[PDB]
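> Here's a structure for you.
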Amino acid sequence: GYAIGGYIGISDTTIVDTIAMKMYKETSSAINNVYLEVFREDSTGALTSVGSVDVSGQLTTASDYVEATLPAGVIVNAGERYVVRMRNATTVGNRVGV
Amino acid sequence: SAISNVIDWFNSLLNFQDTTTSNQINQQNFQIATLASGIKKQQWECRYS
Amino acid sequence: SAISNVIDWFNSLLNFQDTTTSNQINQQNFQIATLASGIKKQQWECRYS
Amino acid sequence: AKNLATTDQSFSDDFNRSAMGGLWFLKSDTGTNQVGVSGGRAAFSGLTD
């Protein structure tokens, strides 16, 4: 139930296809409902969701990169800001270490 | 028929003329826009773009 | 009058010809220069440009 | 890339857009008005001398 995210700058405009974060799981118990999502920051500073993906299946106990493909491409432009949020709304209760 | 052919050729030349002028204007504007925009500094390097 | 009009049209076509050639040369040279120049590494990333 | 053949830069501008833009450093003795593009041509902005 605790979500953490950071702002990402855009250097050159392109089409995004995947997002990555460095995280792992503390215990070896089964986990689910771990989501990585992307938010665009508007002019007013509000965050709008433009994509999300479940990454609980491919997580590993060892600290390793997690790369997940978005459902569809999200065009980005230089000058705007984006946030990659990890949600971790799991049901079993195993914590996530980022 | 000779005058009709001259009419057709002049119309074709006018079409080519306007297309070339429009293409030149569009190309130069594309150059200027690409030069104006482009790479911007990321968020961690600076606050400003 | 017909020959005078032909003279005027030929002069206009020559003007368009030279302007288009000059514009083509300028556009190509500008693109080449922009490709040659551009982003350079900052002072902290490396010593050389 | 210590040494490299310096390509002779060339630039062009048709002045065929909405505003002068960031590609031109503007300085005037008027105080507020600068070179303004209108009708696809650069010109003087304002009625000041």
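As shown in the structure tokens, the chain order sets the letters A, B, ...; within each chain, residues go from 1, and ligands are also counted from 1 in the order they appear.
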Skipping near chain neighbours, those fewer than 3 positions away, what residues fall within 7 Å of residue 66 of chain A using only C-alpha atoms, listed as JSON, numbers by chain?

{"A": [20, 21, 22, 23, 59]}

> Could you do a least-squares fit of chain B on chain C over every C-alpha atom, in sequence order, and give the output as a PDB file with N, CA and C atoms, in the first residue's frame?


ATOM      1  N   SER B   1       3.935  43.214 -79.112  1.00  0.00           N
ATOM      2  CA  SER B   1       3.549  42.954 -77.729  1.00  0.00           C
ATOM      3  C   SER B   1       3.757  41.494 -77.352  1.00  0.00           C
ATOM      4  N   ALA B   2       3.504  40.572 -78.283  1.00  0.00           N
ATOM      5  CA  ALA B   2       3.695  39.157 -77.984  1.00  0.00           C
ATOM      6  C   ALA B   2       5.155  38.857 -77.664  1.00  0.00           C
ATOM      7  N   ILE B   3       6.072  39.392 -78.471  1.00  0.00           N
ATOM      8  CA  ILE B   3       7.491  39.164 -78.224  1.00  0.00           C
ATOM      9  C   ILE B   3       7.929  39.852 -76.938  1.00  0.00           C
ATOM     10  N   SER B   4       7.378  41.036 -76.654  1.00  0.00           N
ATOM     11  CA  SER B   4       7.708  41.703 -75.396  1.00  0.00           C
ATOM     12  C   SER B   4       7.252  40.874 -74.198  1.00  0.00           C
ATOM     13  N   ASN B   5       6.053  40.297 -74.281  1.00  0.00           N
ATOM     14  CA  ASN B   5       5.559  39.442 -73.207  1.00  0.00           C
ATOM     15  C   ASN B   5       6.428  38.203 -73.049  1.00  0.00           C
ATOM     16  N   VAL B   6       6.878  37.628 -74.166  1.00  0.00           N
ATOM     17  CA  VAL B   6       7.777  36.480 -74.093  1.00  0.00           C
ATOM     18  C   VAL B   6       9.086  36.873 -73.418  1.00  0.00           C
ATOM     19  N   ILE B   7       9.605  38.060 -73.741  1.00  0.00           N
ATOM     20  CA  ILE B   7      10.821  38.553 -73.095  1.00  0.00           C
ATOM     21  C   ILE B   7      10.615  38.659 -71.589  1.00  0.00           C
ATOM     22  N   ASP B   8       9.492  39.251 -71.180  1.00  0.00           N
ATOM     23  CA  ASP B   8       9.222  39.420 -69.755  1.00  0.00           C
ATOM     24  C   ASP B   8       9.103  38.074 -69.050  1.00  0.00           C
ATOM     25  N   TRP B   9       8.397  37.125 -69.667  1.00  0.00           N
ATOM     26  CA  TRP B   9       8.239  35.812 -69.053  1.00  0.00           C
ATOM     27  C   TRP B   9       9.571  35.083 -68.951  1.00  0.00           C
ATOM     28  N   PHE B  10      10.417  35.196 -69.978  1.00  0.00           N
ATOM     29  CA  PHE B  10      11.724  34.552 -69.917  1.00  0.00           C
ATOM     30  C   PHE B  10      12.593  35.169 -68.830  1.00  0.00           C
ATOM     31  N   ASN B  11      12.536  36.495 -68.673  1.00  0.00           N
ATOM     32  CA  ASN B  11      13.280  37.129 -67.589  1.00  0.00           C
ATOM     33  C   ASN B  11      12.777  36.655 -66.230  1.00  0.00           C
ATOM     34  N   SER B  12      11.456  36.534 -66.078  1.00  0.00           N
ATOM     35  CA  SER B  12      10.904  36.028 -64.825  1.00  0.00           C
ATOM     36  C   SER B  12      11.360  34.598 -64.560  1.00  0.00           C
ATOM     37  N   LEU B  13      11.377  33.763 -65.600  1.00  0.00           N
ATOM     38  CA  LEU B  13      11.823  32.385 -65.433  1.00  0.00           C
ATOM     39  C   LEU B  13      13.297  32.325 -65.057  1.00  0.00           C
ATOM     40  N   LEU B  14      14.125  33.190 -65.650  1.00  0.00           N
ATOM     41  CA  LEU B  14      15.537  33.224 -65.280  1.00  0.00           C
ATOM     42  C   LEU B  14      15.720  33.657 -63.832  1.00  0.00           C
ATOM     43  N   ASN B  15      14.942  34.649 -63.392  1.00  0.00           N
ATOM     44  CA  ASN B  15      15.007  35.071 -61.996  1.00  0.00           C
ATOM     45  C   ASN B  15      14.634  33.924 -61.067  1.00  0.00           C
ATOM     46  N   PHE B  16      13.551  33.213 -61.395  1.00  0.00           N
ATOM     47  CA  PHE B  16      13.155  32.059 -60.595  1.00  0.00           C
ATOM     48  C   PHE B  16      14.239  30.990 -60.594  1.00  0.00           C
ATOM     49  N   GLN B  17      14.865  30.761 -61.749  1.00  0.00           N
ATOM     50  CA  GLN B  17      15.918  29.759 -61.857  1.00  0.00           C
ATOM     51  C   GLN B  17      17.082  30.077 -60.929  1.00  0.00           C
ATOM     52  N   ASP B  18      17.583  31.312 -60.990  1.00  0.00           N
ATOM     53  CA  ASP B  18      18.729  31.659 -60.154  1.00  0.00           C
ATOM     54  C   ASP B  18      18.360  31.643 -58.676  1.00  0.00           C
ATOM     55  N   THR B  19      17.159  32.125 -58.329  1.00  0.00           N
ATOM     56  CA  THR B  19      16.744  32.089 -56.931  1.00  0.00           C
ATOM     57  C   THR B  19      16.652  30.658 -56.421  1.00  0.00           C
ATOM     58  N   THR B  20      16.093  29.752 -57.228  1.00  0.00           N
ATOM     59  CA  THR B  20      15.966  28.364 -56.803  1.00  0.00           C
ATOM     60  C   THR B  20      17.327  27.702 -56.650  1.00  0.00           C
ATOM     61  N   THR B  21      18.250  27.959 -57.580  1.00  0.00           N
ATOM     62  CA  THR B  21      19.583  27.375 -57.454  1.00  0.00           C
ATOM     63  C   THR B  21      20.291  27.884 -56.203  1.00  0.00           C
ATOM     64  N   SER B  22      20.216  29.194 -55.951  1.00  0.00           N
ATOM     65  CA  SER B  22      20.841  29.748 -54.756  1.00  0.00           C
ATOM     66  C   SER B  22      20.213  29.177 -53.493  1.00  0.00           C
ATOM     67  N   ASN B  23      18.885  29.039 -53.480  1.00  0.00           N
ATOM     68  CA  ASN B  23      18.211  28.482 -52.315  1.00  0.00           C
ATOM     69  C   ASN B  23      18.613  27.032 -52.085  1.00  0.00           C
ATOM     70  N   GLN B  24      18.737  26.248 -53.159  1.00  0.00           N
ATOM     71  CA  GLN B  24      19.158  24.859 -53.012  1.00  0.00           C
ATOM     72  C   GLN B  24      20.561  24.771 -52.430  1.00  0.00           C
ATOM     73  N   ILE B  25      21.483  25.584 -52.953  1.00  0.00           N
ATOM     74  CA  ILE B  25      22.854  25.560 -52.451  1.00  0.00           C
ATOM     75  C   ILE B  25      22.885  25.963 -50.982  1.00  0.00           C
ATOM     76  N   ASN B  26      22.165  27.033 -50.637  1.00  0.00           N
ATOM     77  CA  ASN B  26      22.147  27.501 -49.256  1.00  0.00           C
ATOM     78  C   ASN B  26      21.536  26.462 -48.327  1.00  0.00           C
ATOM     79  N   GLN B  27      20.459  25.805 -48.760  1.00  0.00           N
ATOM     80  CA  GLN B  27      19.813  24.803 -47.923  1.00  0.00           C
ATOM     81  C   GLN B  27      20.734  23.618 -47.674  1.00  0.00           C
ATOM     82  N   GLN B  28      21.386  23.117 -48.727  1.00  0.00           N
ATOM     83  CA  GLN B  28      22.287  21.983 -48.544  1.00  0.00           C
ATOM     84  C   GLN B  28      23.458  22.350 -47.643  1.00  0.00           C
ATOM     85  N   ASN B  29      24.015  23.550 -47.825  1.00  0.00           N
ATOM     86  CA  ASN B  29      25.109  23.983 -46.964  1.00  0.00           C
ATOM     87  C   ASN B  29      24.646  24.133 -45.520  1.00  0.00           C
ATOM     88  N   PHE B  30      23.415  24.608 -45.314  1.00  0.00           N
ATOM     89  CA  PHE B  30      22.861  24.691 -43.967  1.00  0.00           C
ATOM     90  C   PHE B  30      22.737  23.310 -43.340  1.00  0.00           C
ATOM     91  N   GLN B  31      22.248  22.336 -44.113  1.00  0.00           N
ATOM     92  CA  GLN B  31      22.167  20.964 -43.620  1.00  0.00           C
ATOM     93  C   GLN B  31      23.535  20.475 -43.169  1.00  0.00           C
ATOM     94  N   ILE B  32      24.544  20.660 -44.022  1.00  0.00           N
ATOM     95  CA  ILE B  32      25.871  20.137 -43.716  1.00  0.00           C
ATOM     96  C   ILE B  32      26.459  20.835 -42.498  1.00  0.00           C
ATOM     97  N   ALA B  33      26.282  22.153 -42.400  1.00  0.00           N
ATOM     98  CA  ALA B  33      26.814  22.883 -41.253  1.00  0.00           C
ATOM     99  C   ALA B  33      26.147  22.442 -39.957  1.00  0.00           C
ATOM    100  N   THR B  34      24.822  22.266 -39.980  1.00  0.00           N
ATOM    101  CA  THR B  34      24.120  21.820 -38.783  1.00  0.00           C
ATOM    102  C   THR B  34      24.557  20.417 -38.384  1.00  0.00           C
ATOM    103  N   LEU B  35      24.758  19.535 -39.366  1.00  0.00           N
ATOM    104  CA  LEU B  35      25.242  18.193 -39.056  1.00  0.00           C
ATOM    105  C   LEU B  35      26.653  18.231 -38.482  1.00  0.00           C
ATOM    106  N   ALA B  36      27.512  19.095 -39.026  1.00  0.00           N
ATOM    107  CA  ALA B  36      28.895  19.166 -38.565  1.00  0.00           C
ATOM    108  C   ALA B  36      28.975  19.688 -37.137  1.00  0.00           C
ATOM    109  N   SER B  37      28.279  20.783 -36.851  1.00  0.00           N
ATOM    110  CA  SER B  37      28.290  21.356 -35.515  1.00  0.00           C
ATOM    111  C   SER B  37      27.150  20.757 -34.695  1.00  0.00           C
ATOM    112  N   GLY B  38      26.880  21.341 -33.532  1.00  0.00           N
ATOM    113  CA  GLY B  38      25.778  20.881 -32.711  1.00  0.00           C
ATOM    114  C   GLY B  38      26.131  20.697 -31.251  1.00  0.00           C
ATOM    115  N   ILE B  39      25.693  19.580 -30.671  1.00  0.00           N
ATOM    116  CA  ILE B  39      25.922  19.328 -29.255  1.00  0.00           C
ATOM    117  C   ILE B  39      27.395  19.026 -29.016  1.00  0.00           C
ATOM    118  N   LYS B  40      27.937  19.574 -27.933  1.00  0.00           N
ATOM    119  CA  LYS B  40      29.303  19.311 -27.513  1.00  0.00           C
ATOM    120  C   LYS B  40      29.307  18.944 -26.037  1.00  0.00           C
ATOM    121  N   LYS B  41      30.306  18.163 -25.638  1.00  0.00           N
ATOM    122  CA  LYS B  41      30.400  17.730 -24.251  1.00  0.00           C
ATOM    123  C   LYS B  41      30.743  18.903 -23.343  1.00  0.00           C
ATOM    124  N   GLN B  42      30.127  18.924 -22.165  1.00  0.00           N
ATOM    125  CA  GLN B  42      30.365  19.995 -21.213  1.00  0.00           C
ATOM    126  C   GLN B  42      31.742  19.843 -20.569  1.00  0.00           C
ATOM    127  N   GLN B  43      32.099  20.830 -19.747  1.00  0.00           N
ATOM    128  CA  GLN B  43      33.440  20.871 -19.175  1.00  0.00           C
ATOM    129  C   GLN B  43      33.661  19.745 -18.170  1.00  0.00           C
ATOM    130  N   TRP B  44      32.645  19.420 -17.369  1.00  0.00           N
ATOM    131  CA  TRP B  44      32.835  18.399 -16.343  1.00  0.00           C
ATOM    132  C   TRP B  44      32.871  16.996 -16.935  1.00  0.00           C
ATOM    133  N   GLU B  45      32.145  16.760 -18.030  1.00  0.00           N
ATOM    134  CA  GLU B  45      32.186  15.445 -18.660  1.00  0.00           C
ATOM    135  C   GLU B  45      33.561  15.153 -19.247  1.00  0.00           C
ATOM    136  N   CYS B  46      34.183  16.148 -19.875  1.00  0.00           N
ATOM    137  CA  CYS B  46      35.485  15.955 -20.498  1.00  0.00           C
ATOM    138  C   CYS B  46      36.219  17.280 -20.607  1.00  0.00           C
ATOM    139  N   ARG B  47      37.543  17.178 -20.733  1.00  0.00           N
ATOM    140  CA  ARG B  47      38.349  18.350 -21.054  1.00  0.00           C
ATOM    141  C   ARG B  47      38.083  18.818 -22.478  1.00  0.00           C
ATOM    142  N   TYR B  48      38.102  17.890 -23.429  1.00  0.00           N
ATOM    143  CA  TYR B  48      37.942  18.231 -24.831  1.00  0.00           C
ATOM    144  C   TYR B  48      36.472  18.462 -25.166  1.00  0.00           C
ATOM    145  N   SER B  49      36.245  19.213 -26.246  1.00  0.00           N
ATOM    146  CA  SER B  49      34.882  19.563 -26.634  1.00  0.00           C
ATOM    147  C   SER B  49      34.071  18.329 -27.006  1.00  0.00           C
TER     148      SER B  49
END

> Rounded to one decimal place, report the atom CA of residue 24 of chain D-atom CA of residue 12 of chain D distance in Å.

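Between atom CA of residue 24 of chain D and atom CA of residue 12 of chain D the gap is 12.0 Å.
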
> Given only C-alpha atoms, how would the per-residue table for chain D near chain C read, listing every residue at most 12 Å away with its closest atom pair and distance in Å to one decimal, sorted by chain and number, as CSV?


residue,atom,partner,partner_atom,distance
D:1,CA,C:48,CA,7.5
D:2,CA,C:48,CA,6.7
D:3,CA,C:48,CA,10.0
D:4,CA,C:36,CA,10.4
D:5,CA,C:36,CA,9.6
D:6,CA,C:36,CA,8.3
D:7,CA,C:36,CA,6.6
D:8,CA,C:33,CA,6.8
D:9,CA,C:33,CA,4.7
D:10,CA,C:30,CA,5.0
D:11,CA,C:30,CA,5.1
D:12,CA,C:30,CA,6.7
D:13,CA,C:27,CA,9.4
D:14,CA,C:23,CA,9.7

> Would you put the residues from that selection into a file with C-alpha atoms, as an mmCIF file, in the first residue's frame?


data_model
loop_
_atom_site.group_PDB
_atom_site.id
_atom_site.type_symbol
_atom_site.label_atom_id
_atom_site.label_comp_id
_atom_site.auth_asym_id
_atom_site.auth_seq_id
_atom_site.Cartn_x
_atom_site.Cartn_y
_atom_site.Cartn_z
ATOM 1 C CA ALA D 1 38.250 14.122 -31.034
ATOM 2 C CA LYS D 2 41.141 16.522 -30.383
ATOM 3 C CA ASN D 3 41.662 17.768 -33.953
ATOM 4 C CA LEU D 4 39.018 17.726 -36.683
ATOM 5 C CA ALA D 5 38.507 19.394 -40.058
ATOM 6 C CA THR D 6 36.498 22.537 -39.285
ATOM 7 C CA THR D 7 33.614 22.679 -41.751
ATOM 8 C CA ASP D 8 32.781 26.230 -42.833
ATOM 9 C CA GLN D 9 29.385 26.915 -41.284
ATOM 10 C CA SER D 10 26.624 28.507 -43.349
ATOM 11 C CA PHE D 11 23.252 29.756 -42.124
ATOM 12 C CA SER D 12 20.103 30.960 -43.851
ATOM 13 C CA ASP D 13 16.692 32.244 -42.816
ATOM 14 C CA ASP D 14 13.682 33.057 -44.983
#

> If you take only C-alpha atoms and a cut-off of 10 Å, which residues of chain A touch chain B, and what are their nearest atom pairs and distances in Å to one decimal, in chain and number order, as JSON lines?


{"residue": "A:7", "atom": "CA", "partner": "B:43", "partner_atom": "CA", "distance": 7.6}
{"residue": "A:8", "atom": "CA", "partner": "B:43", "partner_atom": "CA", "distance": 6.2}
{"residue": "A:9", "atom": "CA", "partner": "B:43", "partner_atom": "CA", "distance": 4.3}
{"residue": "A:10", "atom": "CA", "partner": "B:42", "partner_atom": "CA", "distance": 5.7}
{"residue": "A:11", "atom": "CA", "partner": "B:40", "partner_atom": "CA", "distance": 4.7}
{"residue": "A:12", "atom": "CA", "partner": "B:39", "partner_atom": "CA", "distance": 5.1}
{"residue": "A:13", "atom": "CA", "partner": "B:38", "partner_atom": "CA", "distance": 8.1}
{"residue": "A:77", "atom": "CA", "partner": "B:38", "partner_atom": "CA", "distance": 9.8}
{"residue": "A:78", "atom": "CA", "partner": "B:40", "partner_atom": "CA", "distance": 6.2}
{"residue": "A:79", "atom": "CA", "partner": "B:49", "partner_atom": "CA", "distance": 5.7}
{"residue": "A:80", "atom": "CA", "partner": "B:49", "partner_atom": "CA", "distance": 8.7}
{"residue": "A:81", "atom": "CA", "partner": "B:43", "partner_atom": "CA", "distance": 7.8}
{"residue": "A:82", "atom": "CA", "partner": "B:43", "partner_atom": "CA", "distance": 9.8}

> Please produce an output containing N, CA and C atoms for each residue in the selection, written as a CSV table (one decimal), in the first residue's frame.


chain,number,residue,atom,x,y,z
A,7,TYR,N,10.7,11.8,-10.3
A,7,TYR,CA,10.5,12.6,-11.5
A,7,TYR,C,11.6,12.2,-12.5
A,8,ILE,N,11.3,12.2,-13.8
A,8,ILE,CA,12.2,11.8,-14.9
A,8,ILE,C,12.1,13.0,-15.9
A,9,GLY,N,13.3,13.5,-16.2
A,9,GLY,CA,13.4,14.5,-17.3
A,9,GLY,C,13.5,13.8,-18.7
A,10,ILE,N,13.0,14.6,-19.7
A,10,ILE,CA,13.0,14.1,-21.1
A,10,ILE,C,14.0,15.0,-21.8
A,11,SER,N,15.1,14.3,-22.3
A,11,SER,CA,16.1,15.1,-23.0
A,11,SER,C,15.8,15.3,-24.5
A,12,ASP,N,15.5,14.2,-25.2
A,12,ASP,CA,15.1,14.3,-26.6
A,12,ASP,C,13.8,13.5,-26.8
A,13,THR,N,12.9,14.1,-27.6
A,13,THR,CA,11.6,13.4,-27.8
A,13,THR,C,11.7,12.1,-28.6
A,77,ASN,N,7.9,14.3,-25.1
A,77,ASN,CA,8.6,15.4,-25.7
A,77,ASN,C,9.5,16.1,-24.7
A,78,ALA,N,10.6,16.7,-25.2
A,78,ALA,CA,11.6,17.3,-24.4
A,78,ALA,C,11.0,18.5,-23.7
A,79,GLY,N,11.3,18.7,-22.4
A,79,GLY,CA,10.8,19.8,-21.6
A,79,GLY,C,9.7,19.4,-20.6
A,80,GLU,N,9.0,18.3,-20.8
A,80,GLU,CA,8.0,17.8,-19.9
A,80,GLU,C,8.7,16.8,-18.9
A,81,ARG,N,8.0,16.6,-17.8
A,81,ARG,CA,8.5,15.7,-16.7
A,81,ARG,C,7.5,14.5,-16.6
A,82,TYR,N,8.1,13.4,-16.2
A,82,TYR,CA,7.4,12.1,-16.0
A,82,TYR,C,7.8,11.5,-14.7

> So which residues touch segment 36-49 of chain D within 7 Å, counting only C-alpha atoms, skipping near sequence neighbours fewer than 5 positions away, as a ChimeraX atom specification?

/D:15-20,30

> Generate a file of the selected residues that holds N, CA and C atoms, formatted as a PDB file, in the first residue's frame.


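What follows is the written file part38.pdb:
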ATOM      1  N   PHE D  15      12.831  34.157 -42.963  1.00  0.00           N
ATOM      2  CA  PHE D  15      12.012  35.099 -42.200  1.00  0.00           C
ATOM      3  C   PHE D  15      10.532  34.938 -42.534  1.00  0.00           C
ATOM      4  N   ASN D  16      10.077  33.689 -42.591  1.00  0.00           N
ATOM      5  CA  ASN D  16       8.721  33.404 -43.042  1.00  0.00           C
ATOM      6  C   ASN D  16       7.914  32.702 -41.959  1.00  0.00           C
ATOM      7  N   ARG D  17       7.976  33.212 -40.731  1.00  0.00           N
ATOM      8  CA  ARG D  17       7.300  32.564 -39.616  1.00  0.00           C
ATOM      9  C   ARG D  17       6.548  33.581 -38.766  1.00  0.00           C
ATOM     10  N   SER D  18       6.041  33.148 -37.610  1.00  0.00           N
ATOM     11  CA  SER D  18       5.189  34.007 -36.793  1.00  0.00           C
ATOM     12  C   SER D  18       5.998  35.063 -36.046  1.00  0.00           C
ATOM     13  N   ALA D  19       6.985  34.634 -35.266  1.00  0.00           N
ATOM     14  CA  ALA D  19       7.801  35.529 -34.459  1.00  0.00           C
ATOM     15  C   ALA D  19       9.267  35.385 -34.847  1.00  0.00           C
ATOM     16  N   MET D  20      10.076  36.354 -34.412  1.00  0.00           N
ATOM     17  CA  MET D  20      11.497  36.333 -34.747  1.00  0.00           C
ATOM     18  C   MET D  20      12.180  35.093 -34.185  1.00  0.00           C
ATOM     19  N   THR D  30      15.136  51.601 -29.115  1.00  0.00           N
ATOM     20  CA  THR D  30      13.777  51.978 -28.743  1.00  0.00           C
ATOM     21  C   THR D  30      13.512  51.693 -27.270  1.00  0.00           C
TER      22      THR D  30
END

> Could you write out, as a VMD selection string, all the residues of chain C that DSSP marks as helix (DSSP H, G or I)?

chain C and resid 2 to 36
